[PDB]
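Visitor: Below you'll find the structure I mean.
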Amino acid sequence: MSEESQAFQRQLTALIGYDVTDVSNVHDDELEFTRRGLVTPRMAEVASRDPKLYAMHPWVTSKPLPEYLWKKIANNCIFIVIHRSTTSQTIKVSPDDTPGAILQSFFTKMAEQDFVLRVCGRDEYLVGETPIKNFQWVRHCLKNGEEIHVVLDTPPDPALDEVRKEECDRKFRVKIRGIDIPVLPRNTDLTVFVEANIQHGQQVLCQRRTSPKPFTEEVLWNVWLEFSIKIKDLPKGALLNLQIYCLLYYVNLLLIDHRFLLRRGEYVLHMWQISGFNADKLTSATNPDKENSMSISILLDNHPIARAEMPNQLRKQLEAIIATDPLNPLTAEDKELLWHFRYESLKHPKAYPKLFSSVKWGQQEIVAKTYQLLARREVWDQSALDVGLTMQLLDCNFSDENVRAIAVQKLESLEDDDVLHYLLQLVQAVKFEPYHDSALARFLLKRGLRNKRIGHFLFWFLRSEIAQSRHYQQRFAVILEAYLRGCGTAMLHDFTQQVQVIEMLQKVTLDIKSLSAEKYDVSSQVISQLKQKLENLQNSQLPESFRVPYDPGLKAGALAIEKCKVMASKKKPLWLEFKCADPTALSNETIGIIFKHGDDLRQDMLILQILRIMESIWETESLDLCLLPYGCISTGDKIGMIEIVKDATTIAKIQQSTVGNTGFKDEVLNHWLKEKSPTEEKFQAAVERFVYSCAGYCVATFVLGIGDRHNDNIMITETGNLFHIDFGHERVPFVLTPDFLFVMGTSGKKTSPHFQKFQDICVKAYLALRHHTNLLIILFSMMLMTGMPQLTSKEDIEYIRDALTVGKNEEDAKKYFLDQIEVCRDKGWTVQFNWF
């Protein structure tokens, strides 16, 4: 079409980081099928969204105000600071008051209504029919004892969000012709065979092998591999998994296509090589490197899918099976029970995952029965939304489209606040979808387009994977495009700015990394080289401003080249600082960002996100363990940015400043906090905060099995908020060393008010998380499968079961954690010292 449309597809390609019109690494048209398929869902949502609210994207929650936040409001009054150039009043408000109805208690209380309240220095609005106590920014300020500063100004023009117009009962068999690799001369000559598996929801329905042969640059067999399973019995979503054993290579091919047709014809698939379980193994995409990759040739020639009340003790066996964690293995007995009492099972939403693990997906009639089961879904459709449960049906174990769709059905009812909490994991979850186009993928696209905040992170979460996952960049790219084609020219403009910026800093970051070895030091030479490179961008290259990717509410302006530098650490990360591009800003404090290479940030994001879930969990029990999950977004391979927490120091650096360089003293920390405390009130506040934050992290860290940390990866704010960092990748359950204890007023396994307060918070926090054992267990395993390398689909994922002390009662749990606390006391500084 118009040269205009080509220039647009060019722009999109740049934002995405992939050409979705590319057909270099495909063997069918699913992707294209999918691009077209998403048009409707896109358009249906664009069309449905209120142009006004979409432009102002208010950030609101339906959850009640925690108890620990009402404490700061013991007068049913809240002070809002309304600025107006040099003006600035202080209208006292009621937590129930609406933004439109405090703008009344202003305009009239002072004395024309085409105005809207906006947070000073931010792109955050307090609009919409919502209690001011329900806006997040407001709760952010209460939780941090900050004043609410707002500016009266004109609503953003929803015209700016304009969208560009668009325009057989035979047995199954497969013939393995042979394998080919360009170069293979290796050490000791080993043997090699091909394993052809038919899988569904990671479950082998049938398995056939070829005879062992000499591993040469070309091995042929020309042998038909026949399976017992009928062509009429293959389940949609079934995957023909082909692997080469010496396991060296793998590759999958959807047995039924996106059009319900049985795969047929000759295929030459370029395989993935295992690096000397995880999501990546389930991919329907083929290695893009056709030149230096192993490949397997095959031939397919064969469309389809054209009362009784439980006795007392059996219902008991059933209920026990249902109460077991999601990691409890299911016995044949168990599956037969769940299946036979198929309809009783159907009354227990918590049984759903276990029940669908009990279906024989390899049997046409049974699956057939299963669908009839899901038909009478009344109970499920009326169940109180259980995210944990919903996610479980979205993991690697369920490949069935109808099973997965009901989980998504449940997600529909999440308010935006909630989608943000799980947004990163839901996105990862897409690696578990058998087809590109899926209910999940559509959910995301929708939720994205309907709210700007959610689309923004969706953008970056997808970009993250598209830039470094060979196994899923294709699918993720088609989804992202879809989104881009509907977020709005405005968004499309912001993204452009953000992409050019980080794309420059990434180049400088890497080039600088070359001019520096590993041996920590950092010379003025390398810093001089940085300042020069930045100077160059400061010119006509680096846009005037851009949104901070991990904090869309913040607009960043020009670099403060004088405050930038290269950090003296193993990796050589940039420490940039920018001026806030918002005049209405309430400060002159710069925005500090860290650009690093060497670490896999996608992992970091995952932990950080799980950390925020843990917060919300503790919220619903009136707890605030003061964690500090800083901004973090992986932008490419082993590269990305990190929010610079203001006024914080490494606990190691604190020790180093007192004792030797590579040298440990017990009072260092307490000394540091007191000297950093402006008054005695704030110093006492900071010891408090330390006790809470210390317990939060000791608990969060224990559950996620990443508590045994080195001193240089644990920070603390001058205000006392302790917090770990770099979750890149004798023992101790967590870090609770003598110096942390000293701050609490105890030493040599003694006692004190603070230490007992600490132990109280820990246990309270710990059993609060056990109240969500299932939600966490499912987040932990999905994390392991889409974030780590080859995670043991057993022992690894199983840690969290023992950590959350599954099975034990609350008393034995509390007992259990307190003992963990003692193991830290007995170890003192042993482990810290050892960390080398």
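Identifiers in the structure tokens: chain A, B, ... in order shown; residue index from 1 per chain; ligand index from 1 in order shown.
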Counting only C-alpha atoms, which residues of stretch 441-469 of chain A fall within 9 Å of stretch 415-418 of chain A, and what is the closest atom pair for each with its distance in Å at one decimal, ordered by chain and rising number, as JSON lines?
Guide:
```
{"residue": "A:447", "atom": "CA", "partner": "A:416", "partner_atom": "CA", "distance": 7.7}
{"residue": "A:451", "atom": "CA", "partner": "A:416", "partner_atom": "CA", "distance": 7.6}
{"residue": "A:454", "atom": "CA", "partner": "A:416", "partner_atom": "CA", "distance": 7.6}
```
Visitor: Write the residues of the preceding selection, restricted to N, CA, C and O atoms, as a PDB file, in the first residue's frame.
Guide:
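Output saved as part_13.pdb:
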```pdb
ATOM      1  N   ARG A 447      -5.930  -5.838  28.292  1.00  0.00           N
ATOM      2  CA  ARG A 447      -5.569  -5.103  29.484  1.00  0.00           C
ATOM      3  C   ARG A 447      -4.548  -4.063  29.225  1.00  0.00           C
ATOM      4  O   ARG A 447      -4.546  -3.028  29.871  1.00  0.00           O
ATOM      5  N   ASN A 451      -5.444   0.375  29.670  1.00  0.00           N
ATOM      6  CA  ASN A 451      -4.785   1.174  30.683  1.00  0.00           C
ATOM      7  C   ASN A 451      -3.362   1.411  30.180  1.00  0.00           C
ATOM      8  O   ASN A 451      -2.699   0.490  29.688  1.00  0.00           O
ATOM      9  N   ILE A 454      -0.338  -0.310  32.533  1.00  0.00           N
ATOM     10  CA  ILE A 454      -0.240  -1.710  32.123  1.00  0.00           C
ATOM     11  C   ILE A 454       0.321  -1.859  30.676  1.00  0.00           C
ATOM     12  O   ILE A 454       1.103  -2.755  30.418  1.00  0.00           O
TER      13      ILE A 454
END
```
Visitor: Find the residues near stretch 121-135 of chain A: any atom within 6 Å, counting only C-alpha atoms, skip ones fewer than 2 places away on the same chain, and give them as an MDAnalysis selection string.
Guide: chainID A and resid 56 58:61 95:99 117:119 137:138 553:554 582 584:585
Visitor: Report as a tab-separated table: every residue of stretch 678-782 of chain A with an atom at most 10 Å from stretch 639-657 of chain A, its closest pair of atoms, and their distance in Å to one decimal, counting only C-alpha atoms, with rows sorted by chain and ascending residue number.
Guide:
```
residue	atom	partner	partner_atom	distance
A:710	CA	A:652	CA	8.6
A:711	CA	A:652	CA	5.1
A:712	CA	A:652	CA	4.8
A:713	CA	A:650	CA	6.8
A:714	CA	A:651	CA	5.8
A:715	CA	A:650	CA	4.3
A:716	CA	A:648	CA	5.4
A:717	CA	A:648	CA	4.0
A:718	CA	A:647	CA	5.7
A:719	CA	A:647	CA	7.9
A:720	CA	A:648	CA	8.9
A:721	CA	A:648	CA	8.7
A:722	CA	A:648	CA	8.9
A:723	CA	A:650	CA	9.2
A:724	CA	A:650	CA	9.1
A:725	CA	A:650	CA	9.4
A:726	CA	A:642	CA	9.7
A:739	CA	A:655	CA	9.6
A:740	CA	A:651	CA	10.0
```
Visitor: Looking at only C-alpha atoms, which of A:303, A:764, A:200, A:471 is the one that sits closest to residue A:362?
Guide: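 The answer is A:200, which sits nearest to residue A:362.
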Visitor: Would you return as a PyMOL selection string the members of stretch 198-229 of chain A that DSSP assigns to strand (DSSP E or B) on this structure's backbone?
Guide: chain A and resi 198-199+204-209+213-214+218-229
Visitor: For the residues in that selection, give me C-alpha atoms as a tab-separated table (two decimals), in the first residue's frame.
Guide:
```
chain	number	residue	atom	x	y	z
A	198	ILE	CA	3.97	-37.05	21.38
A	199	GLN	CA	3.33	-34.62	24.23
A	204	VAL	CA	4.30	-38.23	26.95
A	205	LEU	CA	1.33	-39.95	25.35
A	206	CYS	CA	3.53	-42.15	23.17
A	207	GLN	CA	7.32	-42.52	22.56
A	208	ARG	CA	9.26	-44.13	19.72
A	209	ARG	CA	13.00	-44.37	19.10
A	213	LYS	CA	24.21	-44.96	14.99
A	214	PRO	CA	27.65	-43.39	14.57
A	218	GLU	CA	25.06	-36.67	8.47
A	219	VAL	CA	23.16	-39.65	9.85
A	220	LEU	CA	20.31	-41.25	7.92
A	221	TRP	CA	17.67	-43.78	8.91
A	222	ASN	CA	14.79	-43.43	6.43
A	223	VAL	CA	12.71	-45.33	9.00
A	224	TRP	CA	9.01	-44.99	9.74
A	225	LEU	CA	8.23	-44.61	13.44
A	226	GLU	CA	4.78	-45.85	14.17
A	227	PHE	CA	2.87	-45.08	17.31
A	228	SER	CA	0.03	-46.92	19.01
A	229	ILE	CA	-2.10	-43.76	19.11
```
Visitor: Figure out the distance between atom CA of residue A:515 and atom CA of residue A:527, please, to one decimal in Å.
Guide: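 So the answer is 10.0 Å.
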Visitor: Give me the residues within 12 Å of residue A:112 as number ranges by chain, counting only C-alpha atoms and dropping any in the same chain fewer than 3 places off.
Guide: A: 103-104, 106-108, 115-116, 152-154
Visitor: Write a file of the just-selected residues containing N, CA, C and O atoms, as an mmCIF file, in the first residue's frame.
Guide:
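Written out: again.cif:
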```cif
data_model
loop_
_atom_site.group_PDB
_atom_site.id
_atom_site.type_symbol
_atom_site.label_atom_id
_atom_site.label_comp_id
_atom_site.auth_asym_id
_atom_site.auth_seq_id
_atom_site.Cartn_x
_atom_site.Cartn_y
_atom_site.Cartn_z
ATOM 1 N N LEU A 103 -12.306 19.648 44.423
ATOM 2 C CA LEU A 103 -11.993 20.668 43.424
ATOM 3 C C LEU A 103 -13.148 21.671 43.563
ATOM 4 O O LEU A 103 -13.096 22.804 43.054
ATOM 5 N N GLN A 104 -14.189 21.217 44.252
ATOM 6 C CA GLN A 104 -15.369 22.025 44.535
ATOM 7 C C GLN A 104 -15.056 22.736 45.846
ATOM 8 O O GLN A 104 -15.309 23.931 45.985
ATOM 9 N N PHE A 106 -12.616 23.760 46.730
ATOM 10 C CA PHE A 106 -11.473 24.605 46.438
ATOM 11 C C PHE A 106 -11.927 25.807 45.618
ATOM 12 O O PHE A 106 -11.902 26.934 46.111
ATOM 13 N N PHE A 107 -12.333 25.555 44.374
ATOM 14 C CA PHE A 107 -12.805 26.604 43.466
ATOM 15 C C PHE A 107 -13.744 27.569 44.176
ATOM 16 O O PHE A 107 -13.612 28.790 44.051
ATOM 17 N N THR A 108 -14.692 27.003 44.918
ATOM 18 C CA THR A 108 -15.673 27.774 45.674
ATOM 19 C C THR A 108 -15.136 28.247 47.034
ATOM 20 O O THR A 108 -15.479 29.333 47.502
ATOM 21 N N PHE A 115 -10.493 22.149 34.653
ATOM 22 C CA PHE A 115 -9.224 21.832 35.305
ATOM 23 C C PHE A 115 -9.206 20.445 35.955
ATOM 24 O O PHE A 115 -10.254 19.874 36.262
ATOM 25 N N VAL A 116 -8.004 19.923 36.168
ATOM 26 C CA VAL A 116 -7.800 18.602 36.768
ATOM 27 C C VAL A 116 -6.586 18.618 37.680
ATOM 28 O O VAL A 116 -5.593 19.275 37.389
ATOM 29 N N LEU A 152 -2.887 22.446 39.680
ATOM 30 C CA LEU A 152 -4.129 22.597 38.925
ATOM 31 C C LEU A 152 -3.767 22.910 37.471
ATOM 32 O O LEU A 152 -3.124 23.921 37.200
ATOM 33 N N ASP A 153 -4.173 22.050 36.546
ATOM 34 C CA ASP A 153 -3.875 22.274 35.141
ATOM 35 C C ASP A 153 -4.870 21.636 34.177
ATOM 36 O O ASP A 153 -5.828 20.980 34.587
ATOM 37 N N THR A 154 -4.637 21.840 32.891
ATOM 38 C CA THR A 154 -5.528 21.329 31.852
ATOM 39 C C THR A 154 -5.384 19.847 31.555
ATOM 40 O O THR A 154 -4.273 19.330 31.435
#
```
Visitor: Using only C-alpha atoms, tabulate the residues of stretch 739-769 of chain A lying at most 8 Å from any atom of stretch 684-705 of chain A, each with its closest atom pair and that distance in Å to one decimal, by chain and increasing residue number, as a tab-separated table.
Guide:
```
residue	atom	partner	partner_atom	distance
A:743	CA	A:687	CA	7.0
A:744	CA	A:691	CA	7.1
A:754	CA	A:691	CA	7.2
A:757	CA	A:691	CA	7.9
A:758	CA	A:691	CA	6.0
A:759	CA	A:695	CA	7.9
A:761	CA	A:695	CA	6.6
A:762	CA	A:695	CA	5.5
A:765	CA	A:699	CA	7.1
A:766	CA	A:699	CA	6.3
```
Visitor: Can you list, as a PDB file with C-alpha atoms, in the first residue's frame, every protein, DNA or RNA residue that comes within 10 Å of stretch 186-191 of chain A when you count only C-alpha atoms, leaving out same-chain residues fewer than 5 positions away?
Guide:
```
ATOM      1  CA  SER A 211      18.444 -47.413  16.447  1.00  0.00           C
ATOM      2  CA  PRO A 212      21.774 -46.071  17.740  1.00  0.00           C
ATOM      3  CA  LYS A 213      24.209 -44.965  14.987  1.00  0.00           C
ATOM      4  CA  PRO A 214      27.651 -43.395  14.567  1.00  0.00           C
ATOM      5  CA  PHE A 215      27.534 -39.637  15.157  1.00  0.00           C
ATOM      6  CA  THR A 216      28.707 -38.147  11.838  1.00  0.00           C
ATOM      7  CA  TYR A 245      20.580 -38.306  22.225  1.00  0.00           C
ATOM      8  CA  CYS A 246      24.318 -38.907  22.431  1.00  0.00           C
TER       9      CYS A 246
END
```
Visitor: Neighbouring residues of residue A:369 were defined as those with any atom within 12 Å, considering only C-alpha atoms; residues of the same chain fewer than 2 positions away were excluded. Please report them as a ChimeraX atom specification.
Guide: /A:339-340,342-343,356,359-361,363-367,371-376
Visitor: Considering only C-alpha atoms, can you say which of A:592, A:434, A:155, A:265 comes closest to residue A:297?
Guide: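 Result for the nearest residue to residue A:297: A:265.
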Visitor: Point out the residue among A:406, A:424, A:261, A:181 with the least atom-to-atom distance to residue A:786, counting only C-alpha atoms.
Guide: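 The shortest atom-to-atom distance to residue A:786 comes from A:424.
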Visitor: Would you mind reading off the distance between atom CA of residue A:335 and atom CA of residue A:236, one decimal, in Å?
Guide: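 Separation between atom CA of residue A:335 and atom CA of residue A:236: 21.6 Å.
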Visitor: Between A:595, A:68, A:546, A:829, which residue has the minimum interatomic distance to residue A:581, considering only C-alpha atoms?
Guide: A:546
Visitor: Can you check which residues of stretch 2-129 of chain A DSSP gives as helix (DSSP H, G or I) on the backbone and send them as number ranges by chain?
Guide: A: 3-16, 30-48, 51-56, 67-70, 104-110
Visitor: Suppose we keep C-alpha atoms; can you now write the selection as a CSV table (one decimal), in the first residue's frame?
Guide:
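File produced: again_29.csv:
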```csv
chain,number,residue,atom,x,y,z
A,3,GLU,CA,4.7,4.3,1.0
A,4,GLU,CA,3.2,5.8,4.2
A,5,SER,CA,2.2,2.4,5.5
A,6,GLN,CA,5.7,1.0,4.8
A,7,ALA,CA,7.3,3.8,6.8
A,8,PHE,CA,5.0,2.9,9.6
A,9,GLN,CA,5.8,-0.8,9.6
A,10,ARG,CA,9.4,0.4,9.6
A,11,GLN,CA,8.8,2.5,12.7
A,12,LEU,CA,7.0,-0.3,14.5
A,13,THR,CA,9.9,-2.7,13.7
A,14,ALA,CA,12.3,-0.3,15.4
A,15,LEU,CA,10.2,-0.2,18.6
A,16,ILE,CA,9.8,-3.9,18.7
A,30,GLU,CA,0.8,-19.3,12.3
A,31,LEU,CA,2.5,-16.0,13.1
A,32,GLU,CA,0.8,-14.2,10.2
A,33,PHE,CA,-2.4,-16.0,11.0
A,34,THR,CA,-2.0,-14.5,14.5
A,35,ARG,CA,-1.1,-11.0,13.4
A,36,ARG,CA,-4.4,-10.9,11.5
A,37,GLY,CA,-6.2,-12.6,14.3
A,38,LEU,CA,-5.4,-10.0,16.8
A,39,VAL,CA,-6.8,-7.2,14.8
A,40,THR,CA,-10.3,-7.6,16.2
A,41,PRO,CA,-9.4,-7.9,19.9
A,42,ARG,CA,-7.3,-4.8,19.4
A,43,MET,CA,-10.0,-2.8,17.7
A,44,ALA,CA,-12.7,-4.0,20.0
A,45,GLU,CA,-10.8,-2.7,23.0
A,46,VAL,CA,-9.5,0.6,21.4
A,47,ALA,CA,-13.2,1.3,20.5
A,48,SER,CA,-14.4,0.5,24.0
A,51,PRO,CA,-10.7,8.6,25.7
A,52,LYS,CA,-10.6,10.8,28.8
A,53,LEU,CA,-9.7,8.3,31.5
A,54,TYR,CA,-7.3,6.6,29.1
A,55,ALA,CA,-5.4,9.8,28.6
A,56,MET,CA,-5.2,10.4,32.4
A,67,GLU,CA,-4.7,-0.5,59.4
A,68,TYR,CA,-1.1,0.7,59.5
A,69,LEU,CA,-2.1,3.5,57.2
A,70,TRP,CA,-5.2,4.7,59.1
A,104,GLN,CA,-15.4,22.0,44.5
A,105,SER,CA,-14.2,22.5,48.1
A,106,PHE,CA,-11.5,24.6,46.4
A,107,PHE,CA,-12.8,26.6,43.5
A,108,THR,CA,-15.7,27.8,45.7
A,109,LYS,CA,-13.7,27.8,49.0
A,110,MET,CA,-11.3,30.3,47.4
```
Visitor: Can you work out the spacing between atom CA of residue A:614 and atom CA of residue A:386 in Å, to one decimal?
Guide: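 So the two atoms, atom CA of residue A:614 and atom CA of residue A:386, lie 15.6 Å apart.
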Visitor: Compile the contact shell of residue A:348 as JSON, numbers by chain: residues with an atom at most 10 Å away, counting only C-alpha atoms, same-chain residues fewer than 6 positions apart removed.
Guide: {"A": [319, 322, 355, 379, 380, 383]}
Visitor: So, counting only C-alpha atoms, which residue among A:815, A:772, A:801, A:170 is closest to residue A:760?
Guide: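 Answer, going by the shortest atom-to-atom distance: A:815.
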